[PDB]
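For ligands, and for the atoms within them, numbers begin at 1 and follow the listed sequence. Scope of the values below: all heavy atoms of this structure, side chains included, with no hydrogens, waters or symmetry mates. Order of the sequence lines sets the chain letters (A, B, ...), proteins ahead of strands, with each chain counted from 1.
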Amino acid sequence: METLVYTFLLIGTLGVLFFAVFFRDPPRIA
Amino acid sequence: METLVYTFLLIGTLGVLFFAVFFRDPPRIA
Amino acid sequence: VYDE
Amino acid sequence: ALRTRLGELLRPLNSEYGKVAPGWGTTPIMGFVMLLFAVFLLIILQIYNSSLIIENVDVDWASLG
Amino acid sequence: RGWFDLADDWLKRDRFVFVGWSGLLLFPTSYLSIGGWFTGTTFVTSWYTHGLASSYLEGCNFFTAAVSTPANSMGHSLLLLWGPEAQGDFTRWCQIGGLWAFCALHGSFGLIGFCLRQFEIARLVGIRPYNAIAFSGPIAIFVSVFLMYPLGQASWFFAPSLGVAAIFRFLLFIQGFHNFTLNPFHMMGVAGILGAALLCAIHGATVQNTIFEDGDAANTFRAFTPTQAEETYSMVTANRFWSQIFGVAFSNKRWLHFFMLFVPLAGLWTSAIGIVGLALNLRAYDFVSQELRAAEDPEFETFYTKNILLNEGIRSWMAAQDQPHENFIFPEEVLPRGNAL
Amino acid sequence: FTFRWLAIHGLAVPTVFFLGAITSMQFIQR
Amino acid sequence: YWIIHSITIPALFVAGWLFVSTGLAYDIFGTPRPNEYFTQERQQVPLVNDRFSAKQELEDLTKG
Amino acid sequence: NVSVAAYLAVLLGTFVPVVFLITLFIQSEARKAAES
Amino acid sequence: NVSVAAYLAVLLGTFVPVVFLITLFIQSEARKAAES
Amino acid sequence: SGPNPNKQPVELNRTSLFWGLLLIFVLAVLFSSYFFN
Amino acid sequence: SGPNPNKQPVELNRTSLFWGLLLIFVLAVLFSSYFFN
Amino acid sequence: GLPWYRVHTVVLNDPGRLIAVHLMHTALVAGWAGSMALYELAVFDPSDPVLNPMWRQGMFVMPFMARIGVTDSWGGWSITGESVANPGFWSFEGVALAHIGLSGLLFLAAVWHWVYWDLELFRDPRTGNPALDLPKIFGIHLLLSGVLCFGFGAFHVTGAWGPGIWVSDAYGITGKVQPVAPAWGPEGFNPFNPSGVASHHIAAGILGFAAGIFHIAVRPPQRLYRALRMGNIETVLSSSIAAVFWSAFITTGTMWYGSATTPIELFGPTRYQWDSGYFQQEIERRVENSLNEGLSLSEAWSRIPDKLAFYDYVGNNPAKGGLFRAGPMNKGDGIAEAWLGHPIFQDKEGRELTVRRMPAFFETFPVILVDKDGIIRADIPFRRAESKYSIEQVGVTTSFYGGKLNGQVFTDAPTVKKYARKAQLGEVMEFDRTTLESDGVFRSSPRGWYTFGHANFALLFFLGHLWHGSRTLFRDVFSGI
Amino acid sequence: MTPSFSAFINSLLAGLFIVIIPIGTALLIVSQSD
Ligand code: CLA
Ligand code: CLA
Ligand code: CLA
Ligand code: CLA
Ligand SMILES: C=Cc1c(C)c2cc3nc(c4c5[nH]c(cc6nc(cc1[nH]2)C(C)=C6CC)c(C)c5C(=O)[C@@H]4C(=O)OC)[C@@H](CCC(=O)OC/C=C(\C)CCC[C@H](C)CCC[C@H](C)CCCC(C)C)[C@@H]3C
Ligand SMILES: CCCCCCCCCCCCCCCC(=O)OC[C@H](COP(=O)(O)OC[C@@H](O)CO)OC(=O)CCCCCCCCCCCCCCC
Ligand SMILES: CC1=CCCC(C)(C)[C@H]1/C=C/C(C)=C/C=C/C(C)=C/C=C/C=C(C)/C=C/C=C(C)/C=C/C1=C(C)CCCC1(C)C
Ligand SMILES: CC1=CCCC(C)(C)[C@H]1/C=C/C(C)=C/C=C/C(C)=C/C=C/C=C(C)/C=C/C=C(C)/C=C/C1=C(C)CCCC1(C)C
Ligand SMILES: [Cl-]
């Protein structure tokens, strides 16, 4: 069952990377 | 070990009651 | 005295 | 600011904020006491380290009895 | 003015080498530590402590010469020259490894003095003291590895000896007896160090490749003047580049430099936590589930079990000569081997 | 007798002594 | 000055040379000579066993 | 043969800091949207 | 007597809804404080 | 894309927060014995 | 009592949120094997 | 707005809410103490005080309760194993309930101080803006701490108006809570003298009382006030963190190396007692003394107490556990049931063979049997290696003296090599592993866990001292240059 | 007074007359002179 936890953690990390890339705060000149 | 969960749940409910009583939104005439 |  | 009996009782203890003694005050006394404390710490450290053997002293479990 | 004031004025003079109040602790301690290390690697032997030759006088080179740790008979003694072990005899003090304690103690106080020097100089130039907080990383490394680890162990003997091959031995010894690669805090330390090197290289290349054309010469080092209010490289171009190459990029120069500061410091502090854990043999040596699986299944093998076997081989084949005080005598039959498995 | 002078000779008189000692070590029989 | 150095530095280098060639380094620092690593009675590696008798133990080991 | 509270520790030590960060970010965005 | 799953069910079932409500309340209070 | 006109703020008053916390804790107390069986 | 003048608002930008989520998930990945042992 | 890592700095210039948050932290700490004590009581088994002590069951706060007088439970049992007729309120349960009630009262006080933050006491009379006269506060609290220290040393420890402190023998066989008289000579400074604790607390309390009087009466010099930033709370924080990690390092050292304040019956043996064979030498001495009296070997080994033999076991070494090997030592190597007795190995030649003890440094150590001449006579091959000194070949036979197996001799190669493997761990002991599903991997004693936690805490607090001292000394340039 | 105690007190003096006293002398001498 620990394999489920490992896979869940890995995909959560990958999803966090995906959201950080494609949903970041858009840089603008101030 | 389940006794610790039961006691934690009961104490949490009592604390929720305490905070609802003594930290409610103060009623005002508007 | 008092420090400033 | 609320006034209370305990607040008025303890007010003089929190009254002289920023009050300082002139110049170096009692700094040499503080330095001398710090030097004595450093010597004492060195003595007790070297006793536990066994680098210092006071007579009548045995840093060991067997000294318990 | 007062003696202090005049001494403070003299110590704060703009000379070639800033002395300061912290210099009174830094210069003698650091000088004595470095000189003692040179003396130990040049003349002092390790024959009566480790059963080894570690001096240029004995025939060692730069790699194999070291200031070896004291004998395992000394314990966690301060090994003062006037202490009961040496009793004022310089020769016996050097033979028992007291020069290692000399170097370690005066070097720890030299590190403290250098940290205080960074603090002092930062207070005079008027800048925030983010140095002497970065140096807290190396300070923690030295304290955990050279002081806390032997203090948690049997004696100063198991501390790292001050030498190249001695440091390599210490690495392999810790790997064999603790499986320190498997330690998660060491993993965080490795990540911090490698990420800091990555940040240094990538930031240098990014700045060098995003400079403004501020000069007519092909060599662009002259186009930067010392008092330059304008930025010498394009932050917007660098941001766009990494935003569209890596998917994310720095937009704040401040944050970027704080991150380049934070990564190695955090890595060093995590590794220090791991070494402090090792000091009491509280190590992440093995996974219990994997050991149980391998015990009840001879056909179950992973690289972790191979690492366990390698560590066992390291311990068994290095115990006899690495710990001569224990008088380990291991017959060839009990020495682990691949064929023996 | 300046701080630079004293620091230099502190880092020079042992340096030359050790260089001479190591040069002598190079001609030991071994 | 340079003149001074032209005498002090070579003399200091020769003193450093003689500190090793005359055998004074072995006596001062206790480093064993190549012919006195193992004595006739003690063919094993000499190791200190007690911290509080280390001086006497080293005197016994290095006596021969 | 893995432990049991082990799962509890992993899941909670993942969730407790994640929901804290999400709550803080949502609060900050709420302040930004209200002021703007 | 049931496995950490029963423990995981009770503790997560309690927390996931609790932290959701706390986040929503904090967001609402943040908007109220920002607009006043 | 562009600004979405259907965006609306979401509010939960303190009374609602306490009602929710009480409901969740009471449901946990009730169903903990059955989950632990 | 009364309105306190020290109250200040807290801000977490999105970069900080993503840094925190990445740190928590990476620490979980690292220490899960050791917690499961 | 404020970043996430500066939020609590809102209570910096608010003495009332600073007191409130400190009250909240104290309430949390007291509540943790009470809850941990209750959990340990729910877990603790007082059935076998000698072979299943508190330090073998993972008890952490119970040793600290027992070190200064709490030894009985409302369950009619005591740590020493002596049944008590009327326990008394100040049992472990009573202490836990008192700490929980104190946590609740501190929580209520924190709520009140947070709500009622604006008090005239916290505002300077000269300028309305709130302020704290840190030197006078330090003098008052130092006088309070000196009074508490003198009271603890003179009344509690000496037993004049207290229970005393835990005192054990040199080998942790007969220890209990008793009063100690102060030792004012040089003999009060070695860490292994309980009288030194009483004399220390009395003298240090008197000196602290005098120092508090001074720091109340005398204002600081202007030079020190400007140099140390004494009008700033952050310099107090930095100095307190410095003293705190200093004390943490000292307590870590005393716990790891051993002291009169770290009894072996409460925290377990130290690693240096196994390194030097502290209990093995005593056991051999006792056996030799019994033999010299004329007693036979079986009688001499039947004289060795089970507790003393259990102390000479490498599974009780704090340096044999793991970082992620969680739980009590009973979860590690099973619960000890009885001593099997000292084994003696003899080859076909009859030479006494001794199994070399496993050093704490070795996760796996070879099984080696040596005679009085230290010559390797028998061994167990690594895995499946060709052997010339195998136990089946040398014909080693083992005989047990004392314990359950007293008078029993074993010849079968398998049982002899099993007993040799068990004897490389020190005195042979029988364990049951079914009650806790033990895994056979050694755990760490509470001594080692305390040492690890507080050493890491001391290092992190050295980092905190550096950061907060830099903050308070370079405040002016913090927003930037 | 064990030989250890004597070594300790002599250690204290040597630190005063070989490290503390000389190094400060220079600081007071050279600071006052400049
Ligand atoms: C009426 C007050 C009171 C009493 C009688 C107790 C009694 C007890 N507590 Mg509790 N506790 C209290 C208040 C109290 N507590 C509060 C307010 C807190 C919250 C902070 C706690 C938090 C707490 C925890 C977390 C734990 C206890 C524990 C204990 C037990 C062991 C105590 C021990 O070893 O301390 C040892 C204390 C020290 C060694 C500290 C010494 C003081 C230092 C050295 C001062 C240093 C600075 C000083 C100012 C310098 C002086 C200068 C000098 C010149 C004078 C004991 C039954 C332990 C236990 O067994 O669990 C239940 C435990 O783990 N307590
Ligand atoms: C000074 C602190 C301290 C110390 C020394 C101890 C010591 C002990 N405790 Mg106690 N405990 C403490 C604080 C402490 N406790 C606190 C604060 C709590 C409340 C949560 C508890 C609750 C508690 C319980 C409920 C139990 C213990 C038990 C124990 C014993 C074994 C613990 C063990 O094996 O550790 C194992 C530790 C680990 C496997 C990990 C430690 C943390 C490492 C260093 C990594 C953590 C950082 C890392 C980044 C986290 C990643 C998070 C990621 C998922 C995001 C031992 C006597 C047990 C026992 O036998 O008592 C009867 C037991 O059942 N403790
Ligand atoms: C008595 C101890 C003490 C006290 C009162 C303070 C108080 C303060 N510190 Mg200092 N600090 C301390 C110890 C202490 N610190 C130590 C030991 C370290 C080294 C790690 C630091 C490192 C440090 C830094 C680097 C900074 C501060 C800052 C601050 C300020 C704001 C803290 C904040 O909002 O955190 C908010 C924290 C959170 C929202 C979550 C943090 C949760 C942590 C990461 C893990 C959880 C810990 C756990 C719940 C309980 C720990 C157990 C305990 C025994 C340690 C405040 C004045 C900050 C400041 O304002 O200065 C400019 C700042 O930048 N401190
Ligand atoms: C790397 C180490 C380091 C650094 C950079 C700092 C830096 C700082 N500290 Mg901290 N501190 C440290 C270690 C350190 N400290 C340690 C280990 C302690 C003991 C717990 C303290 C205790 C402390 C207090 C109580 C205070 C400071 C303060 C300060 C600040 C002013 C400078 C000062 O007072 O220096 C302090 C001087 C030194 C660290 C030098 C020590 C040199 C000693 C005296 C020589 C000993 C020689 C002798 C032979 C030793 C023998 C040992 C041998 C037996 C092994 C500054 C931010 C003060 C401040 O203003 O806070 C904002 C303040 O109030 N610190
Ligand atoms: C092995 C790697 C390594 C070395 C050799 C090293 C060395 C140095 N870094 C310094 C600075 C720094 N290090 C920093 C970050 C880092 N430094 C790192 C890793 C290292 N740093 C890492 C990983 C980081 C990231 C956190 C910063 C931020 C600074 C500085 O501010 C400072 C500087 O200005 O550098 C530019 C200098 C400290 C001078 C000093 O203490 O006063 C004099 C020297 C003393 C007191 C040491 C003598 C005593 C030593 C500890 C024991 C004796 C050692 C022998 C002499 C030699 C033994 C050799 C064998 C081990 C092989 C020195 C040149
Ligand atoms: C084709 C692209 C291929 C790669 C795509 C993925 C790479 C980009 C990843 C983005 C997320 C990382 C940053 C999050 C946080 C975030 O959103 O950062 C945003 C941040 C930009 O922030 P700003 O400069 O705008 O911040 C201004 C400050 O005021 C904010 O405090 O970017 C960076 O700081 C540099 C990032 C370093 C790179 C870190 C890489 C970490 C990799 C971890 C991998 C784990 C793998 C586990 C596998 C199981
Ligand atoms: C060729 C080469 C290639 C690569 C580049 C390169 C590295 C630059 C180069 C190397 C060149 C080389 C080889 C450079 C090497 C230069 C050398 C060997 C310098 C030696 C300096 C010795 C010192 C400072 C000893 C001082 C003694 C002291 C302080 C005594 C201390 C004492 C001790 C023992 C303890 C007791 C107390 C006292 C009395 C205090
Ligand atoms: C309110 C009140 C008023 C009157 C009525 C009343 C009901 C009687 C009363 C209530 C009184 C009551 C019920 C008081 C009881 C209050 C309680 C139960 C307080 C609990 C405290 C627990 C703490 C501080 C644990 C902290 C864990 C930490 C720091 C992290 C630990 C670890 C982890 C896991 C993470 C990694 C680090 C490590 C160290 C490994
Ligand atoms: Cl392999």
Output yes when a protein non-hydrogen atom is found under 4.0 Å of [atom], and no otherwise.
atom                    : answer
atom 44 (C) of ligand 1 : no
atom 32 (C) of ligand 7 : no
atom 59 (C) of ligand 1 : yes
atom 12 (C) of ligand 1 : yes
atom 22 (C) of ligand 1 : yes
atom 36 (C) of ligand 4 : no
atom 41 (C) of ligand 4 : no
atom 3 (C) of ligand 1  : no
atom 32 (C) of ligand 1 : yes
atom 10 (C) of ligand 7 : no
atom 50 (C) of ligand 4 : yes
atom 7 (C) of ligand 7  : no
atom 39 (C) of ligand 7 : no
atom 53 (C) of ligand 4 : no

Only heavy atoms of [X], strictly under 4.0 Å: list the atoms of ligand 4 that pass.
X         : answer
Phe119(E) : 5 (C)
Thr472(L) : 62 (C)
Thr235(L) : 62 (C)
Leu45(D)  : 54 (C)
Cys115(E) : 5 (C)
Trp246(L) : 19 (C), 20 (C)
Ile139(E) : 1 (C)

For [atom], what is the nearest protein heavy atom, given as residue, atom name and distance?
atom                    : result
atom 13 (C) of ligand 7 : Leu19(F) CD2, 4.5 Å
atom 48 (C) of ligand 4 : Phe109(E) CZ, 4.5 Å
atom 15 (C) of ligand 7 : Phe38(E) CE2, 4.5 Å
atom 20 (C) of ligand 1 : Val29(L) CG1, 3.7 Å

Aromatic contact between [X] and [Y], with the criterion being ring centroids under 6.0 Å apart: yes or no?
X         : Y         : value
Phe8(M)   : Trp82(E)  : no
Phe150(L) : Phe209(L) : no
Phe249(L) : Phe457(L) : no
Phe43(E)  : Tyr56(E)  : no
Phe19(G)  : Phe18(F)  : no
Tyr39(L)  : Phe44(L)  : no
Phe146(E) : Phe142(E) : yes

### Query
Is there side-chain contact between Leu237(L) and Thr472(L), with heavy atoms separated by less than 4.5 Å?
no
### Task
Would you indicate whether the side-chain heavy atoms of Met255(L) and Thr251(L) approach each other to under 4.5 Å?
no
Which class fits the ring pair [X] and [Y]: parallel under 30°, tilted 30 to 60°, perpendicular over 60°?
X         : Y         : result
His454(L) : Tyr450(L) : parallel
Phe138(L) : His215(L) : perpendicular
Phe40(D)  : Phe37(D)  : parallel

### Task
Would you mind telling me if ligand 7 is within reach of the side chain of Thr42(E), the backbone, both or neither, using heavy atoms under 4.0 Å?
neither
### Query
Given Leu41(D), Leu147(E), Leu116(E), which one has a non-hydrogen atom that is nearest to atom 7 (C) of ligand 4?
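Closest candidate by heavy-atom distance is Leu116(E).
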### Message
Regarding atom 36 (C) of ligand 7: of the candidates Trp93(E), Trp37(E), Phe18(F), which has the closest heavy atom?
### Response
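Shortest heavy-atom distance from atom 36 (C) of ligand 7: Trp93(E).
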### Message
Would you compute the distance between atom CG of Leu207(L) and atom CD1 of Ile202(L) and round it to the nearest 0.5 angstrom?
### Response
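Result: 14.0 Å between the selected atoms.
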### Task
Supply the atom-to-atom distance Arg67(L) CZ to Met65(L) CE, rounded to the nearest 0.5 angstrom.
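The CE atom of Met65(L) is 12.0 Å from CZ of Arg67(L), to the nearest 0.5 Å.
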Report yes or no: does [X] have a heavy atom closer than 4.0 Å to ligand 1?
X         : value
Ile68(L)  : yes
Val95(L)  : yes
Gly205(L) : no

With atoms numbered from 1 as shown, which atoms in ligand 1 lie under 4.0 angstrom from a non-hydrogen atom of [X]?
X         : result
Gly208(L) : 54 (C), 55 (C)
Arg67(L)  : 34 (O)
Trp32(L)  : 25 (C), 64 (O)
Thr26(L)  : 19 (C)

### Task
Given ring pair (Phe, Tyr, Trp, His ring centres under 6.0 Å), test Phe135(E) with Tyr130(E) step by step and report yes or no.
CA-CA 9 Å; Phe135(E) 200 67; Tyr130(E) 281 89; over 10 Å; no
### Query
Do the side chain of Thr235(L) and the main chain of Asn232(L) share a donor and acceptor less than 3.5 angstrom apart?
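No, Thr235(L) side chain to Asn232(L) backbone: no donor-acceptor pair under 3.5 Å.
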### Message
Please confirm whether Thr39(E) approaches ligand 7 to less than 4.0 Å, judged on its heavy atoms.
### Response
yes
### Task
Using non-hydrogen atoms of the residue, decide whether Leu81(E) is closer than 4.0 angstrom to ligand 7.
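Judged by the 4.0 Å heavy-atom criterion, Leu81(E) does not count as contacting ligand 7.
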### Query
Does ligand 1 have a heavy atom under 4.0 Å from the side chain of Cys149(L), from its backbone, from both, or from neither?
neither
### Query
For ligand 1, is any non-hydrogen atom under 4.0 Å from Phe60(L)'s backbone (N, CA, C, O), its side chain (CB onward), both, or neither?
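It is neither part, as no heavy atom is under 4.0 Å.
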### Message
Side chain or backbone, does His99(L) bring an N or O within less than 3.5 Å of an N or O on ligand 1?
### Response
yes
### Query
Based purely on interatomic distance, does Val61(L) place a nitrogen or oxygen under 3.5 Å from a nitrogen or oxygen of ligand 1?
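Among all N and O atoms of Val61(L), at least one is under 3.5 Å from an N or O of ligand 1.
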### Task
Pick one of side chain, backbone, both or neither for how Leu228(L) approaches ligand 4, counting any non-hydrogen atom pair under 4.0 Å.
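For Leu228(L), only side-chain atoms sit under 4.0 Å from ligand 4.
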### Query
Between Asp8(E) and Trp21(E), do the side chains contain an N or O donor and an N or O acceptor separated by less than 3.5 Å?
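Looking only at side-chain atoms, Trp21(E) and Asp8(E) do form a donor-acceptor pair, the distance falling under 3.5 Å.
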### Pairing of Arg229(L) and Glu234(L) as salt bridge, 4.0 angstrom limit
no
### Task
Under 2.8 Å from atom 10 (Mg) of ligand 4, which protein N, O or S atoms are there? Could you list them by chain and number?
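N, O, S partners closer than 2.8 Å: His465(L) NE2.
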